[PDB]
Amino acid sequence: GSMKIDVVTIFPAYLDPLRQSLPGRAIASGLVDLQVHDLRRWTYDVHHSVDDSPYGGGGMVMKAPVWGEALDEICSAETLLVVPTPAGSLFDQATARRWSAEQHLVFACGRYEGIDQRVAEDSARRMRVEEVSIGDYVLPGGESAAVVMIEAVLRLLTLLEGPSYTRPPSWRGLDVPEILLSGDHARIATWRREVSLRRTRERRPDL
C-alpha cells in the first residue's frame, strides 16, 4: 500500500521541483518515496559515457551496459519499468489509475535517439516493462514526460470538462451564465453536461 518511484536520468536536477512539491508528511510517512538517480553513477570511464553512434546510420543512442547496471541495482521482480518514448503506447487516465495501484515505478529517461532497445528486452526478463508516449509530439528527452506521468499518478493518491466561473458576475462585458447563479443543482448539472458535449464535439470530434 505504498508508492516508491525511482527516476533514472542524466539530468537529475530536472526532477527537483517535483520532489520539493510533494507534501512533507506523505514523504515522512513513507507513503510516497520519490528518488532521482544520475545514470552517470553507473559508468566506468573518465568520460561517464552513456551514449554512442547508432548502428545503421542516424545522433546518439544510450548504451545498454550502463542501463543494465543501473536497473540491476534499482529494480526488483515487483517493479514496473516505464520507458517514456514517442514509440510507446499512449499514456491515458486509465493507465494513471492502473499505475496508482503499483508498489514500485521506475522511469528510465532517455535522451538523443533513445535507449538501446535491448535494455527494454533484457529488463522484461526480470520485471514488467511499459514503453509509453504522453502524446504525438517529439520531446528532447523523457524527463518532462516522466514528470507528467508521475503528476497524473500522484494526484490520484494525494467528455471534456466545461467552463468554470467565479466572482464577479460581470467582468469586461462578459457575464457568468445565469443558470450558475440559480441554486438549482439538477438543472446546473444538466447545463454542465450539455456545454461539455458541445465543447467535446467542437474541440475533439475523434472522441
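One rule holds for the numbers: they count along the sequence shown, beginning at 1.
(Q) Please classify the coordinate gap between residue 158 and residue 159 in terms of deposited residues: none, 1 to 3, 4 to 9, or 10 or more. (A) 10 or more residues are missing.
Q. Residues with no coordinates between residue 58 and residue 59 in the deposited sequence, how many: none, 1 to 3, 4 to 9, or 10 or more?
A. Unresolved stretch here: 1 to 3 residues.
Q.
When the Cα temperature factors in the entry are averaged, is it 59-67 or 142-150 that ends up higher?
A. Mean B over CA atoms: larger for 59-67.
Q: Pick between 34-42 and 176-184: the one whose mean CA B-factor in the entry is higher.
A: Per the PDB record, 176-184.
Q | Chain-wide C-alpha B factor ranking for residue 53, given as lowest, middle or highest third | A | Highest third - that is where residue 53 ends up once the chain's C-alpha B-factors are sorted.
Q: Grab the CA temperature factor for residue 130 from the record and place it in the lowest, middle or highest third of its chain.
A: For residue 130, the deposited C-alpha B-factor lands in the lowest third.
Q.
Lowest, middle or highest third: which one holds residue 121 when the chain's residues are ordered by CA B-factor from the entry?
A. Answer is lowest: the recorded C-alpha B-factor places it there.
Q.
Where does the C-alpha B-factor of residue 113 rank in its chain, lowest, middle or highest third?
A. Its C-alpha B-factor belongs to the highest third of this chain's values.
Q: Would you mind ranking residue 207 by its C-alpha B-factor against the rest of the chain and naming the third, lowest, middle or highest?
A: CA B-factor rank for residue 207: highest third.
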